[PDB]
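Per-entry structural report
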Amino acid sequence: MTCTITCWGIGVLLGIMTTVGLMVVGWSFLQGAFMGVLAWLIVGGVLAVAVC
Amino acid sequence: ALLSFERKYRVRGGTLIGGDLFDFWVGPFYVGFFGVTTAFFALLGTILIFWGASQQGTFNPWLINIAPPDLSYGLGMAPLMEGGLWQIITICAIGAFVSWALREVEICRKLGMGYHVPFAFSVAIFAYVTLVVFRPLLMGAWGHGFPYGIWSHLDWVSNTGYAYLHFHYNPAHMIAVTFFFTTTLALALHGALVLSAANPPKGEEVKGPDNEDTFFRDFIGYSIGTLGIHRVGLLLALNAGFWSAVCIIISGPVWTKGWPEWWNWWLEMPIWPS
Amino acid sequence: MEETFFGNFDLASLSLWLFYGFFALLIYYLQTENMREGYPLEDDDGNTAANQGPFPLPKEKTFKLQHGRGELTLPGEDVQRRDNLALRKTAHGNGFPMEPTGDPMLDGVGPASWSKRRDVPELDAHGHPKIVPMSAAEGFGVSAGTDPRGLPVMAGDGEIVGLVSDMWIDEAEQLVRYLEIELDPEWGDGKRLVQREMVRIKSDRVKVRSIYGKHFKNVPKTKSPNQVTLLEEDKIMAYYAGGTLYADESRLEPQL
Amino acid sequence: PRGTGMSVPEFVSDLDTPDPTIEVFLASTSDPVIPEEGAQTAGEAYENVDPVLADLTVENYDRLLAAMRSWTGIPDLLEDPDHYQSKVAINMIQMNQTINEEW
Amino acid sequence: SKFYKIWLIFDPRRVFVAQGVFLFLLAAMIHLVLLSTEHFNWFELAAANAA
Amino acid sequence: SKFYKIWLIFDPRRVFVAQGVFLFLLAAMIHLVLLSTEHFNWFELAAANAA
Amino acid sequence: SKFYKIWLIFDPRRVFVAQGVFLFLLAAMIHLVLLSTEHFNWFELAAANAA
Amino acid sequence: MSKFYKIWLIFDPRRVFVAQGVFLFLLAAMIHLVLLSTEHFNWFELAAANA
Amino acid sequence: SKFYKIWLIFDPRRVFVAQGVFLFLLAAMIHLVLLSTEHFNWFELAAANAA
Amino acid sequence: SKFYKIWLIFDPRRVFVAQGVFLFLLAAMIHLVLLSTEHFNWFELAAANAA
Amino acid sequence: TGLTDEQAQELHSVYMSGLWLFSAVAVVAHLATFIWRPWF
Amino acid sequence: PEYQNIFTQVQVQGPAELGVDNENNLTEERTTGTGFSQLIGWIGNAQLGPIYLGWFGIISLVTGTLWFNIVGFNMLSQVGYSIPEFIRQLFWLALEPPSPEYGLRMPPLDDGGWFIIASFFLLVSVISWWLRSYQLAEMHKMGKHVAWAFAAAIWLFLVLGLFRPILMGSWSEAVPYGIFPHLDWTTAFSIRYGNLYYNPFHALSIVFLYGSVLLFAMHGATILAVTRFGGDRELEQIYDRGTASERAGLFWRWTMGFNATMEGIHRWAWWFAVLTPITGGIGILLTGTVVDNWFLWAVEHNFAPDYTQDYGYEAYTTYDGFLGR
Ligand code: BCL
Ligand code: BCL
Ligand SMILES: CC[C@H]1c2cc3[nH]c4c(c3C)C(=O)[C@H](C(=O)OC)c4c3nc(cc4[nH]c(cc(n2)[C@@H]1C)c(C(C)=O)c4C)[C@@H](C)[C@@H]3CCC(=O)OC/C=C(\C)CCC[C@H](C)CCC[C@H](C)CCCC(C)C
Ligand SMILES: CC[C@H]1c2cc3[nH]c4c(c3C)C(=O)[C@H](C(=O)OC)c4c3nc(cc4[nH]c(cc(n2)[C@@H]1C)c(C(C)=O)c4C)[C@@H](C)[C@@H]3CCC(=O)OC/C=C(\C)CCC[C@H](C)CCC[C@H](C)CCCC(C)C
Ligand SMILES: COC1=C(OC)C(=O)C(C/C=C(/C)CC/C=C(\C)CC/C=C(/C)CC/C=C(\C)CC/C=C(/C)CC/C=C(\C)CC/C=C(\C)CC/C=C(\C)CC/C=C(\C)CCC=C(C)C)=C(C)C1=O
Ligand SMILES: CCCCCCCC/C=C/CCCCCCCC(=O)O[C@H](COC(=O)CCCCCCCCCCCCCCCCC)COP(=O)(O)OC[C@@H](O)CO
Ligand SMILES: COC(C)(C)C(=O)/C=C/C(C)=C/C=C/C(C)=C/C=C/C(C)=C/C=C/C=C(C)/C=C/C=C(\C)CC/C=C(\C)CCC=C(C)C
Ligand SMILES: COC(C)(C)C(=O)/C=C/C(C)=C/C=C/C(C)=C/C=C/C(C)=C/C=C\C=C(C)\C=C\C=C(\C)CC/C=C(/C)CCC=C(C)C
Ligand SMILES: COC(C)(C)C(=O)/C=C/C(C)=C/C=C/C(C)=C/C=C/C(C)=C\C=C/C=C(C)/C=C/C=C(\C)CC/C=C(\C)CCC=C(C)C
Ligand SMILES: [Fe+3]
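Residues numbered from 1 in each chain as written, not as in the entry; some residues may be left out. Chains lettered and ligands numbered in written order. Part of a larger assembly, values for the part shown. Heavy atoms only, no water.

Structure determination for this PDB entry is given in the record as cryo-EM, at a resolution of 2.78 Å.

The subject of this paragraph is the interface of chain F and chain E. On the chain E side, the residues contacting the 11 residues of chain F number 9 residues. When the two sides are added together, the surface that chain F and chain E hide from each other amounts to roughly 810 Å², 88% of it contributed by carbon and sulfur. When the area that chain F buries against chain E is broken down by residue, the three leading residues are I9(F), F10(F) and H39(F), summing to 43%. The tally of links from chain F across to chain E stands at 0 salt bridges. A class-by-class count of the residues in the side of chain F that touches chain E yields 8 nonpolar, 2 polar and 1 charged. (Contact = heavy atoms within 4.5 Å. Buried area = accessible area lost by both parts, 1.4 Å probe. Salt bridge = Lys/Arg side-chain N within 4 Å of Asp/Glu carboxyl O. Nonpolar A, V, L, I, M, F, W, Y, C, P; charged D, E, K, R; others polar.)

Okay, the site of ligand 4 next. Around ligand 4, a shell composed of 18 residues is seen, among which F181(B), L185(B), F219(B), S125(L) and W129(L) lie nearest. In this structure, ligand 4 sits where chains B and L come together, each supplying nearby residues. Within the side chain of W129(L), a nitrogen or oxygen atom sits 2.9 Å from an oxygen atom of ligand 4. Protein coverage of the free-state accessible area of ligand 4, which is 1300 Å², stands at 57%. Taken together, the elements giving at least two residues each to the shell around ligand 4 come down to helix 5 (171-198) of chain B together with helix 1 (56-78), helix 3 (113-139) and helix 4 (145-168) of chain L. Examining the composition of the shell around ligand 4, we find that 6 residues originate from one element, helix 5 of chain B, more than from any other. Class assignment for the residues of the shell around ligand 4 results in 12 nonpolar, 6 polar and no charged. (Near = heavy atom within 4 Å. Polar contact = N/O pair within 3.5 Å; in protein donor to acceptor, adjacent residues only side chain to side chain. Areas by Shrake-Rupley, 256 points an atom, 1.4 Å probe, with all protein chains shown as cover. Helix = DSSP H or I, 4+ residues; strand = E, 2+ residues; numbered from the N terminus.)

With that settled, consider the UniProt feature "transmembrane region" (unreviewed entry) in chain A. Residue and element names in this part refer to chain A. With numbering aligned to this structure, UniProt lists the feature "transmembrane region" (unreviewed entry) at residues 5-27 and 33-52. In residues 5-27, helix accounts for 87% and strand for 0%; the two terminal C-alpha atoms are 30 Å from one another. Between the C-alpha atoms that bound residues 33-52 there is a distance of 27 Å. The span itself is 90% helix and 0% strand. (UniProt positions renumbered as here; feature names shortened; annotations may be inferred.)

Now for the interface of chain B and chain L. Think of interface size as the accessible area that goes away when the parts come together; that is how it is often given. Between chain B and chain L, the contact holds 97 residues from the first and 100 residues from the second. Of the roughly 9100 Å² buried between chain B and chain L on both sides combined, carbon and sulfur atoms contribute 69%. Broken down residue by residue, the surface that chain B buries against chain L is led by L187(B), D218(B) and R231(B), which jointly contribute 9%. Between chain B and chain L we count 3 salt bridges in total. In this structure, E6(B) and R253(L) form a salt bridge, with 3.9 Å as the shortest nitrogen-oxygen distance.

It is worth spelling out the pattern of salt bridges at this point. Under the criterion given, the structure shown has 43 salt bridges over all chains. Among the ionic pairs, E37(C) bridges to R241(L), the shortest N-O distance being 3.6 Å. Of this pair, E37(C) sits in the loop between helix 1 (11-33) and strand 1 (62-64) while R241(L) sits in the loop between helix 7 (234-239) and helix 8 (243-256), on two different chains. On the basis of relative accessible area, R241(L) is assigned to the buried category, the value being 3%. The residue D320(L) makes a salt bridge to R325(L) at a minimum N-O spacing of 2.9 Å. Given a relative accessible area of 40%, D320(L) falls into the partly exposed group. (Buried < 20%, exposed > 50% of the residue type's maximum accessible area, 1.4 Å probe, protein only.)

Among the 25 residues in the neighbourhood of ligand 5, the closest are listed as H219(L), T222(L), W252(L), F258(L) and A260(L). Ligand 5 sits at the junction of chains B and L, each of which supplies nearby residues. Interatomic distance of 3.0 Å between a side-chain N/O atom of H219(L) and an oxygen atom of ligand 5. Measuring from an oxygen atom of ligand 5, one finds a backbone N or O atom of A260(L) at 2.7 Å. Those elements giving two or more residues to the shell around ligand 5 turn out to be strand 2 (29-31), helix 1 (33-56) and helix 2 (84-110) of chain B together with helix 6 (200-225), helix 8 and helix 9 (264-289) of chain L. Its residues placed into classes, the shell around ligand 5 shows 17 nonpolar, 7 polar and 1 charged.

What follows is the structure, encoded as structure tokens:
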């Protein structure tokens, strides 16, 4: 691997960014975290599949 | 007594502490340094329960109830007949459970096998620990632990569950319950394959791993394999124990309102039109 | 119905007692089904013990083994018993550990003890041997993870004993079972098998911690380089797991 | 009883925060003025006052009427008797007296 | 100056896929930040501008 | 210019599938933010007209 | 133009199935959107016309 | 138009016919159920009203 | 002056990917924490300035 | 102070990465705890200074 | 798999050189911070 | 540390295994379309092999989809075909059972009529799937343990929605088709009939539910502990006992005084899981038909605990004291 795990790491890092980014513009932690979790699975999953 | 094959496995060594001072067998049981402590703590806790039952006035196993102290006593010690006996038994219970897990380490070390069993038991201990000491510490009183009674500790579950107005809406309860109903489903199906393959209809040859492997491929379109089922079966059970610890440690230390009110984040998202 | 038969014994109470009787019979049935192997009990000296337990032995059941291997009635004499065990009692009574009389790893006692299984390879549904090297297997290849073929093997004390030459797979289940080790001349002579559960694969090496460098020359060998029998599998695996306690005195002696 | 699980959890930060409207009421209430013998009633001091509160003393009437305007957030309450808010307020005055006495 | 040597370290396909994903996601959220504000929301401005 | 060389890196069948999925999802997302607003929602706008 | 070359890249069997489910799902979604609006709900409009 | 018969070269008649039958019936039940939900097109409720 | 030995230790591919990810996240979080303030918020600054 | 013998027992790859991560975390922690205080928060300091 | 005496001479020379360079900025930053806003 | 067999360190993939076959001709109903997933292969088998489709499988899938659609499309109609509202309230919507006033008669479509029709298709789909399990075992010449275990689950499924409503004489006793609503039914069911904690069969079913998770954690870890001796090949250990079965047995014998065999463990495993809904099915059947109040039943049978402390909060603290003022 060493690339699928790395791409997964970018996804979880983006989810943390998405959570705090949405909290800055309002929203709430749980509302922001849900989109952060959702962004982790989609973007992280796509990156691991689009490029290996 | 021994078994037909037990003699060649009873070799000296493998202890974590105490060496050959305690390294012997009493009947079928293995006694170690932690087998001595297990015997002491379990017997002390058992006797104290019946001592408390004697002072409670009843020896009926359904009606025996040793209860924690009041919330006023805080994290300090309480009088023995006013909730202090429960605290002593908890120390004995924790000491007996930890010793039991450490005794399992010595046994599996003497047999040259893995430490999966003691590790899995630790999750069960962690669920017990988070119910009796971890959660009361966060909530600031020893009276938040469940009482030591066969039917009394169901009343604690009933009131703790209804202390949040609907305990089915707990997101961690939702996840944790899903793991029991699935682990039992996995246990039923896994135990059926081995039984079905090893016990075919009378007059038929027994089936090998290939036959059971292709059964679920024919049945649900995918088979996890002989190794995978145990590997995923432990994970389902361990996750069940872990998530059950989560659902009760966030009820009161992290969340004080009703559990249906938690889902208000989903209902009132900005994306949803008004 | 809301009417009680006598006192306060209603239909719900009756069903509870029926389950109690059924459960007692179920526990009796379940426990006796677990006594098909290992009984009678015997004692430390080998003679049958005076105590045999509250549960009598079950009636004989027959397994119709496939591939023309005959029948098998589990309650009876066990063909997996080992003889001439290199052990001696440490006490004149019962309930005390046995001490090996020689090299425990070589003699196969305790954690290194094997069982006298059949001296034939395990077979798949077709009848061919279940475990074969990937050299013989057609169309099989590594699809994920780290390929261990060619990596050096590092023993439990850090010694390099050789490089992985081949790797045996279970083509029926597409699962890796063993790794072949090409022992160096300074450590061994030929090839040895290590089960996949006692090897940790790294990016540049494979590490086996249960066996030191000097213990590799005594790993049991296979009669043929194309298949491994059930007895050979049981001897090879037991040797590695026996090194988790017999590699050096520090492992045998208490850690505290 | 101890061990039954019968307890109510609450955050200490939430406990230390009282009702924000408590200080609002304290800033709006006032001590009652005890009437003296033959005091001037609101019915004769003013005009178009409902009999439910026309017997109040003139300072008590002014004290109560000013508070009700602040309590209900209606700066012109009980000014025009024909207004619907005035008629509702008069009935709802009888509501409040009933609650404190019957219930 | 001789930045062209970066392609001797990074696989051109490995970076092009990541660069495409990064640029769109950056452009997507940078547009969404403006919509959150009440001054740069062009959808909200047109409603207010038309009165 | 020389942009045609991108196909020496990208697989045409593997990128056309991604482009087709991306384009529709982008189109649906923009069509959905318009309906979220009260100014560009042509469904609610038509209801206001002739009413 | 010369768009026919798309079939040298796309497999006709796999594409035809893909758009067969896409076209109907898109059509069903749009038909459902109208049913959620008071102005374009033809089922509820007929009831009002009768009364 | 006249040369659509080539679709049976791409598609296997066996699996197309089975899929078409399931889709056609599941379609027919959908509209019939939709009509029964409305207060105006429920032929069972209308007959009771005329009684 | 002797710092160029640093490339004899770490692989340029591994460090460059890690550096690029860290550089963006650091820049992103500095911008975000800057927006959370009521003084260095150029989006809210324009709204106040316009009014 | 030569102390070069220390590097004989240490892997340069592991120690350099270990301290680099730790050094950044220590600096980030000090900056963060410095922001928490109402006197050393230079973000709030500018806001009060401007007013 | 281990280092020689010669390698540690160069490795420590760089590390100590970088350490002084990093600390040279840090002491300047702390000096400027104290003037701007002392903490003593 | 030692390699714990939780993730495979290397995967080998060869030609797809189409499965064994006999004179029953299993291959003519098989899809023969296989795919390999490496992500799932880290923990289990990596092949998504062909599925046997017969008639019980097809009938169950078609009828199951009809139940799914009827329940689902009713929910969409409930929010006025608003997809954004359908997604938002997805966990809250349901298809409520008929009102109690209609008894066992057929209720109107908007008041539980579609519930009965949808429940009819779900009953067909579940029973058809059971027949497929029974038929597949017979065609494979294997034991019918899968069908018998699944029949135990259906017993609670039948009691909860079919048998008990008939005994009470009202279709209103069924379970609503909703995510949160069938949790609301579960809580309301316990409250209406006393306290379901005091149902002896509910207590007994919990014993076998906890035992099921207990035993599968014990069995899952034990096999992973002996997988270094080829312990994952359980079937071959039954026919020819190796050192894996001996150590696994001796570990539990030295721990708790008795053990099992490689076959007998799966008899314990089968029976605890099967007894979980069998006992619960009896408890639900007796609830409402016989008892109607479980705590009062417990008081009558003298296993309800009694408490002597006071109940109000004024007996333990004060309102000012709790508020810290
Ligand atoms: C009104 C009641 C509320 C409710 C309120 C609660 C409350 C309150 C709790 C749960 C908790 C649980 N609930 Mg709930 N819950 C409700 C409805 C349900 C339903 C259902 C179908 O309706 C289900 C399946 C569950 C399921 C569960 C699991 C999530 C969990 C069970 C305990 C646990 O995991 O064990 C873990 C516990 C252990 C493994 C104990 C370890 C035992 C030790 C190690 C062994 C000691 C041996 C002993 C000494 C005997 C040995 C001697 C003998 C000789 C052998 N709840 C209702 C709605 N639920 C409980 C939980 O999560 O606890 C963490 C919890 O506190
Ligand atoms: C306030 C809540 C009440 C409560 C009310 C109930 C009620 C009500 C019931 C239980 C029952 C159960 N309770 Mg209780 N229970 C409570 C407290 C608890 C606690 C706890 C820690 O507090 C626990 C652990 C439990 C545990 C349990 C289990 C022992 C038992 C469920 C059996 C089972 O496995 O179902 C598994 C069985 C099913 C899920 C049916 C299977 C359906 C068929 C086979 C599958 C159809 C599949 C379907 C078509 C979908 C397929 C789709 C696929 C995608 C293709 N209860 C409190 C007191 N409890 C049950 C019982 O009584 O048993 C006697 C029950 O009915
Ligand atoms: C992964 C989580 C699951 C799990 C796993 C698990 N449990 C385990 C193991 C594993 C892997 C073991 O290896 C170990 C074992 O050896 O079992 C046979 C065990 C075990 N888990 C057990 C029970 C148990 N497991 C439960 C559940 C679970 N454990 C989970 C479902 C439950 C529940 C929730 O109902 C119970 C009751 C035992 C059979 C055994 C541990 C035996 C032990 O600790 O022995 C030492 C102690 C004594 C002999 C007596 C101690 C007495 C005390 C000193 C006094 C009383 C204290 C107690 C609080 C009393 C409370 C009574 C009231 C609540 C009624
Ligand atoms: C009692 C002990 C455990 C247990 C046992 C148990 N369950 C079992 C079995 C056993 C032994 C089986 O053999 C059997 C099985 O097949 O297992 C794989 C099963 C089973 N129990 C299941 C689940 C299940 N088990 C549960 C619980 C349990 N049962 C316990 C954990 C529960 C709960 C919590 O109540 C459930 C929900 C199923 C997965 C399975 C058999 C159900 C089944 O397949 O029924 C036939 C139905 C269908 C094929 C279709 C159902 C509906 C679909 C969702 C429709 C399709 C939708 C799709 C998106 C199409 C959309 C089309 C439109 C867009 C047009
Ligand atoms: C395939 O692989 C596998 C097997 O098969 C090879 C297996 O089998 C198993 C095991 C699992 C099974 C299901 C098989 C059979 C087992 C069960 C049915 C139990 C599992 C099911 C449950 C629901 C769990 C409940 C457990 C039960 C009923 C068993 C009892 C458990 C106990 C913890 C009680 C026993 C403990 C005792 C008695 C205390 C221990 C005693 C000591 C340490 C001795 C102390 C002594 C001294 C200090 C010396 C001084 C001497 C004294 C005091 C004299 C006193 C002596 C006495 C003897 C009393 C698994 C998992 C497996 O995967
Ligand atoms: C609720 C209870 C839960 C616990 C239940 C289980 C109970 C206990 C497990 C205790 C394990 C302690 C292990 C420490 C042993 C280290 C001994 C060792 O290893 O070093 C020995 C030297 O001896 C010693 O050092 C003496 C032991 C020191 C005592 C320390 C007490 C720790 C006490 C720890 C307890 C802490 C809890 C704090 C609570 C209260 C919190 C207030 C040399 O080696 P040798 O063996 O002599 O040489 C062999 C020769 O023949 C040939 O070489
Ligand atoms: C509230 O809590 C508060 C109060 C805040 C708190 O916690 C107080 C903080 C506390 C108590 C922590 C005390 C901090 C301490 C003790 C940290 C010492 C700081 C140190 C040690 C600085 C290292 C700098 C290392 C570099 C930057 C080197 C530069 C060299 C680099 C790496 C290049 C080297 C590489 C080469 C030359 C190439 C290789 C060469 C060849 C291969 C030849
Ligand atoms: C996008 O796709 C479309 C399609 C548009 C869509 O909408 C998607 C569908 C969506 C989202 C629906 C989501 C479904 C949900 C949430 C349903 C959850 C279901 C749950 C929790 C089940 C509760 C337990 C049920 C029991 C326990 C039954 C027991 C009753 C059985 C069946 C016995 C038989 C009963 C009878 C009455 C017999 C009648 C027979 C005769 C009268 C002969
Ligand atoms: C009218 O009033 C007036 C007069 C205006 C007034 O108020 C006076 C104003 C005054 C006094 C200004 C107050 C100044 C302040 C507060 C200055 C803070 C700033 C400080 C102190 C430092 C900044 C520069 C830091 C860098 C730029 C470091 C460079 C670090 C680099 C990036 C190296 C890091 C990387 C590595 C080491 C890699 C190692 C690698 C491995 C280990 C692998
Ligand atoms: Fe098994």
